Amino acid sequence: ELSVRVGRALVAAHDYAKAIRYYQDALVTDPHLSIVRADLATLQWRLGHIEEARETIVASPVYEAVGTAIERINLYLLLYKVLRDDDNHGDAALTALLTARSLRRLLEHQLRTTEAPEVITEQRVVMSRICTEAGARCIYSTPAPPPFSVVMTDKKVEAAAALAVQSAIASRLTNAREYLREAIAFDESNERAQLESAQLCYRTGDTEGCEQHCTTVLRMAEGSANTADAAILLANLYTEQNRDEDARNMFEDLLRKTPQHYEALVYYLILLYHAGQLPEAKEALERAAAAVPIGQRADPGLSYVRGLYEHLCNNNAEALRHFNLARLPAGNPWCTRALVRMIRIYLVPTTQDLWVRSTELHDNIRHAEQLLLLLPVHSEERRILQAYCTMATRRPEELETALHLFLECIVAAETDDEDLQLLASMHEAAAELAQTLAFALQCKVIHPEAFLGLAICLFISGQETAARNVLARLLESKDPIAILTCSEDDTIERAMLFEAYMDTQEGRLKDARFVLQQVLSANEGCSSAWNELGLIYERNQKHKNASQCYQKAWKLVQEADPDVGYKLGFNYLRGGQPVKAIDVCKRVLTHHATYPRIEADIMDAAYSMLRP
Amino acid sequence: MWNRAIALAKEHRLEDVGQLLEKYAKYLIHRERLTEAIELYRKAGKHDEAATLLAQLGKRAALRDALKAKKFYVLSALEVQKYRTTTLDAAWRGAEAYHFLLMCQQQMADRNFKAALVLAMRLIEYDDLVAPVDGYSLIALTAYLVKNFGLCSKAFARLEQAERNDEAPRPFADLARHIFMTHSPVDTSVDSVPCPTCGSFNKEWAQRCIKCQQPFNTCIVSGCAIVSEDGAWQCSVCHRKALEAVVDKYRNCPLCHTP
Amino acid sequence: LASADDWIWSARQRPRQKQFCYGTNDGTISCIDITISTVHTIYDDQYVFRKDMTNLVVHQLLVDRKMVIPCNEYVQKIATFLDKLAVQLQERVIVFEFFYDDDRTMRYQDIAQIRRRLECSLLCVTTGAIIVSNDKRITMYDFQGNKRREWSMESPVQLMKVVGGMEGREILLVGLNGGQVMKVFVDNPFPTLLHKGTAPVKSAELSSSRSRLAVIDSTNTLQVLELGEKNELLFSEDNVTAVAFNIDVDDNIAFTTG
Amino acid sequence: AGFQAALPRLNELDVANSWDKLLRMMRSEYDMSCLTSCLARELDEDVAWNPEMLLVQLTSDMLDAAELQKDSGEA
Ligand SMILES: [Zn+2]
Ligand SMILES: [Zn+2]
């Protein structure tokens, strides 16, 4: 009974090979002690030795009293946890479920032994959790990924395997239906199971079970820390049904219950930005700010929410200030997201993004990379944002390095002189890793942001056709539900904006207007979309509605953009209202004084034609 | 003018002496107005209560930022000294702890990780004031920075213990695994401090002799134990020592901030 | 002076009258009358006021002397005590001291500048320190600009006035919206209660001997009481617009009614 | 034509954020973010502390912190 204590005090000293040797020796001494089997399997799995842990599980004699079946089911679920990375993975969970259901003997024990009420119902929630995990395993995990390393050019059998996998995952989904209904039947207090069932209902492309179950989440998920996951799906469903007011009200009263729910606050904010009702979030932000006890430093969630609100109003300076205040302490759940937001702001400061055609640029990308070095090296976001920072420089060799970085990203997804020294070293590292194009064309589009980055790299470097191909491949997934999402992720919307930009260079504008109307119906605060529709109106000489939407854009921007201000002033000049043009240009200069061509093209003619 | 008010009740004494001052102090504290009670006690001639109140203010300020707690704690220590002029040096504990909470970090800001490590090991002496998670995270940080993995493992073990404790979702486990997959838990820490009596070599962060059990004093700025007074600067206000080779850039004592 | 909606294209003053008229861009012509508001201080016989919105005219009344201080910037608040004057400008606070030369002609010298943008509802100069007061907080600063003390009251402060004292220990007099009239010694951090009124105190002055107190409430009702352990009321008179105590005679009050 | 807005420098956002330098070396291999949630936001300087002035500064700062929220009038 002290061999496990020796093993634990031995792994406390952080000797891991020695722990493996000692536990294997104590296992050979007595292979009927299950605790050391579990500890050895856990340790081997944690160190990346999956095969050795599986050998430890299989070699157990167990793989009838209550304890024996308890160790049986614990071994089964531990085997599943080790094999969390197909059919093979789910089999252990299924067998654990079957043995747990047989564990009949529990009923025969408890219904007559008159045990404690706590210990009678304790072995029910466990079974419900097993069922819930099986259902989530079937929903999320995909037996899809093949090697597809070039391989012989096959006529049919690859397609046969593909459709067999499709039938397999459909069977997994319909079996997960049974697993989840069993889970919710065995325990109604499992908020997680209700969430999984709602997600499954939304998943199956149904128009009836959706409103049957994944609308009832207010009754299902009453209150917990995972209510944000319910709220995002509920909001996306409501926006699909154009039931915007209900989506508002559920956020209203859920935040009335919890003023400090920063993730739900973010969803509320992005919803309002989509609806164009941005100032309506000010009272919610004030309630969150006053929800602090006596004052004190703003919590990182609160600071991130404030920075997001400022950024959505094109108040990028206060956005950067609040985002920088969000990363403290580092390693918080927002610190990665705050860093990503800061890098995005330094990358695209205005509404104009990287896909448009320089000491300020060098300083901006310098600060961007200085922040980027704060990100974990193994994180995917750092790996794609490194390519983004490199492609920001517009240097063709940096474009090549970014292109190769993005190709590496998609391939991996398919399967104070010291600071300057670090900057230079990471630049050299990107250069040497840059020293696969058909992989982008043929592989599954699983990582959308890497696809967008690759597409804009192709466009900036000059190849418009390949950018068209890769972005069409990215957006053939959803083309819509994706835009109607109330999510922080906006890569799809940015893809729509890029498609509008590319179509504006093709001589055609009807499809660009189609895309713009789609995104603006989804998102009323898309100032760049208003700008582009105003511009194509200016091509169509429809100047009144162009000025109207430009005023919309100017209101959303809060009079802090040089390009929409420039075109608004030019429209006022063509409209013969030089006072308004002078006002717009004075706002442009009091915010961005270094913008060229503003005075010499608008202010001079406004002064000249003020009193004709 | 409560000090002279209480001192005035001397001839023949009086049926009542003070005791309204305590009532007003209770009113001030219950009203949550903090510093007014401190000023009332300081004028009352009772610096111990003012020191206690400043200690409370330091405790409350600690959760937001360490510098404010440091300020309040050195203020309370100064009030205790005023009372003595009007366990002995325990009034300075809350100072030095938070002082280390900055000082170590300052040495990390200068890329001087060795003295930072010694200060981090000195942080253990005040586990009651500073959170053990805070101090041992600093210890593991400093030990990892100098590539000494023995103290790094000894701190990571306590971090993992606390992380398993608060559950009764683990980044300490990931960090320990990633740091001990490649680097062995070797303890590369030399002993370069001789006891004045025994002469045996102790570790730099020793609070006492390893065998003779004679107390040691630590460097304020570098953290290493002091054994020779030939190079031991002292501050007359806080009665704390420092080493000349590292304190020559300090116009004022880094603990109590007096030139 | 006034704000319009669009650009104000023109604005001209009516000749020889405190009135101007402006025409805007949205086809609106509007005429504004102007009533001059005067800030003023008086200590003993010294009386200072603002002329031309930028100059300080100081006038010794019983001796009939007068001089002009060209502050060159808009003057917001003025305070006067003994030979000391405080002028709150738009970005600074300037403390002047008055003195006499060999020819017995009074002169002014600027002895202190405080380059702190101060926001307060009341200002009071003293021998060595200035005091500003806003809402609940009363902050006392030295002539360089470093803070010296601060008091937090129970109610917003309506009146604040230095009533004189020893150098560095000068008394203040504060009236609060709760009806509290209290003495704020600049060395003490604890105000001493004098009067507990039932209405906000708009004005209050202390006797020359400081053993009697005059309080003007929010209802323009004046009460004069004998100070002590309990303020025994001496008399009360209604519809009082202002009050003053005799600097040289103890029991001599002069109050102007509505 | 291309125009990039002038955004504040990283050291302008925080004066005592020198950890930005330090954290940029250790992260050369992997992430140690659970150890870096302990660094203080500010840093101590080389100054002298007068007791009464320091207490007055602390009281004034706490009063200003209260009044910053009290300016909105919410209760
Ligand atoms: Zn010894
Ligand atoms: Zn000292």
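Residues numbered from 1 in each chain as written, not as in the entry; some residues may be left out. Chains lettered and ligands numbered in written order. Part of a larger assembly, values for the part shown. Heavy atoms only, no water.

## With respect to the UniProt feature "binding site: Zn(2+) 2" (unreviewed entry) in chain B
Residue and element names in this part refer to chain B. This is how it is decided: UniProt positions are given in the numbering used here, feature names are shortened, and annotations may be inferred rather than shown by experiment. In this description a helix means any DSSP run of H or I spanning at least four residues, a strand means any run of E spanning at least two, and both kinds are numbered starting from the N terminus. Exposure is judged per residue with a 1.4 Å probe applied to protein chains only, and the accessible area is read against the type maximum: over 50% gives exposed, under 20% gives buried, and values in between give partly exposed. Residue contacts follow a heavy-atom distance rule, with two residues in contact if any of their heavy atoms lie within 4.5 Å.
Per the UniProt entry, the sites bearing "binding site: Zn(2+) 2" (unreviewed entry) are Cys235, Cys238, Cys253 and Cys256 in this numbering. Spanning 22 residues, the named residues form one tight spatial group whose C-alpha atoms are at most 8.7 Å apart. Counting through the fold element by element, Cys235 comes out in the loop between β5 (232-234) and β6 (241-243). When its relative accessible area of 4% is taken as the criterion, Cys235 is described as buried. Among all residues touching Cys235, those that are not within four sequence positions of it are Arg240, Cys253, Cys256 and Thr258.

## Digging into helix α7 (residues 105-113) of chain A
An α-helix turns once every 3.6 residues. As a result, residues three or four positions apart point the same way. All names here are of chain A. Threshold: Picture the helix axis, draw a direction to every C-beta atom, and the arc is the one those directions span.
Those residues of α7 not exposed but buried are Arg105, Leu106 and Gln110. Viewed end-on, α7 has its buried residues packed into an arc of 115 degrees, placing them on one side of the element. In α7, those exposed residues whose orientation departs by more than 90 degrees from the buried face are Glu108, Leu111 and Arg112. Looking at the packing, one finds that the buried side of α7 touches α6 (87-102) and α8 (117-140). In the segment just after α7, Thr114 is the residue with positive phi, at about 55 degrees.

## Brief notes about a negative patch on the surface
Cut-off, in case you're wondering: Residues with no salt bridge and a relative accessible area higher than 30% make up the patches, which join like charges within 9 Å and nonpolar side chains (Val, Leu, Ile, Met, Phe, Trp, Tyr) within 5 Å. Only the protein chains shown count as cover for residues, and the accessible areas themselves come from Shrake-Rupley with a 1.4 Å probe. When a carboxyl oxygen of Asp or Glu is within 4 Å of a side-chain nitrogen of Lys or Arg, the pair counts as a salt bridge. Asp and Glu count as negative and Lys and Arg as positive, but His and the ends of the chain are not part of the count. Charged groups are reduced to one reference atom each: NZ for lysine, CZ for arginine, CG for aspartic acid, CD for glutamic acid.
Residues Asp85(A), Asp86(A), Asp87(A) and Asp91(A) make up a contiguous surface patch of negative charge. Tracing the backbone shows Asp85(A) in the loop between α5 (66-82) and α6.

## Concerning empty space enclosed by the protein
Residue and element names in this part refer to chain A. Heads up, the condition is: Using only the protein atoms, space was sampled on a 1 Å grid; points where a 1.4 Å probe fits but cannot get out form cavities, open sets with protein on both sides within 12 Å along at least five of seven lines form pockets, and lining residues are those with an atom within 4 Å of a point. Grid points are joined across faces, edges and corners, and a volume is the space filled by probe spheres set on the points. Under the scheme applied here, ten amino acids are nonpolar (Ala, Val, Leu, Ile, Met, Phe, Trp, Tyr, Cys and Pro), four are charged (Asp, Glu, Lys and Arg), and all others, including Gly, are polar.
Roughly 580 Å³ of internal volume is contained in the largest cavity. For the largest cavity, the lining is made up of 30 residues, of which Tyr273, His311, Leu312, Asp490 and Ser527 are closest to its centre. Of all elements in the fold, only α15 (262-275), α17 (300-312), α19 (335-347), α27 (491-504), α29 (527-539) and α30 (543-557) reach the threshold of two or more residues within the lining of the largest cavity. Here the lining of the largest cavity is built from residues that sort into 15 nonpolar, 9 polar and 6 charged.

## Description of the interface of chain D and chain B
Short version of the rule: By buried area we mean how much accessible surface two parts lose on assembly, using a 1.4 Å probe and totalling the loss over both. Side-chain atoms alone can form a polar contact between residues adjacent in sequence; in general such a contact is a pair of N or O atoms within 3.5 Å, and within protein one must be able to donate a hydrogen while the other accepts it.
Listed per partner, the contact involves 31 residues of chain D and 47 residues of chain B. Buried area between chain D and chain B, both sides added, is near 3500 Å², and the carbon and sulfur share of it is 65%. Area buried by chain D at its contact with chain B is led by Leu35(D), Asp46(D) and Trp49(D), which between them contribute 20% of it. Seen at the junction of chain D and chain B, the total is 3 salt bridges. Two residues, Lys70(B) and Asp44(D), come together in a salt bridge whose shortest N-O distance is 4.0 Å. At the boundary of chain D with chain B, the tally comes to 8 residue pairs in polar contact. Elements supplying a minimum of two residues to the side of chain D that touches chain B: α2 (19-26) and α3 (51-70) of chain D. In terms of residue class, the side of chain D that touches chain B is made up of 20 nonpolar, 2 polar and 9 charged.

## Here we look at unusual backbone geometry
Generally, phi is negative for residues other than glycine and the peptide bonds are trans, each holding for most cases. In this structure, the amide linkage connecting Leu328(A) to the following residue, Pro329(A), adopts the cis form with an omega of 0 degrees. Mapped onto the fold, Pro329(A) is located in the loop between α18 (316-326) and α19. Of note in this structure, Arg13(B) is not a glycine but carries a positive phi near 55 degrees. In this fold, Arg13(B) is placed in the loop between α1 (2-8) and α2 (20-30). The class of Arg13(B) is partly exposed, set by a relative accessible area of 49%. The phi dihedral of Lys147(B) is positive, around 65 degrees, even though this residue is not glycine.

## Observations concerning the packing of helix α22 (residues 396-414) of chain A against helix α23 (residues 417-433) of chain A
When two helices pack together, their arrangement is given by the angle between the helix axes and the distance between those axes. Residue and element names in this part refer to chain A. Keep this limit in mind: Here an angle of 0 to 180 degrees is reported between the N-to-C directions of two axes, which are lines fitted to C-alpha atoms, with helices fitted over the stretch in contact. By the definition adopted for this analysis, an angle is roughly parallel if under 35 degrees, roughly antiparallel if over 145, roughly perpendicular if from 65 to 115, and oblique otherwise. We call a crossing left-handed when the near helix sits turned anticlockwise from the far one by less than a right angle, and right-handed when that turn is clockwise.
Following both chains from N to C, one finds α22 and α23 inclined at 65 degrees, their axes separated by 9 Å at the closest point. Taken together, the axes of α22 and α23 lie roughly perpendicular to each other. Our pair here, α22 against α23, has a crossing hand that is left-handed. Along the contact surface, α22 presents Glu398, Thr401 and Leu405, while α23 presents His427, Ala430, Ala431 and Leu433. Here the contact of α22 with α23 is built from residues that sort into 4 nonpolar, 2 polar and 1 charged.

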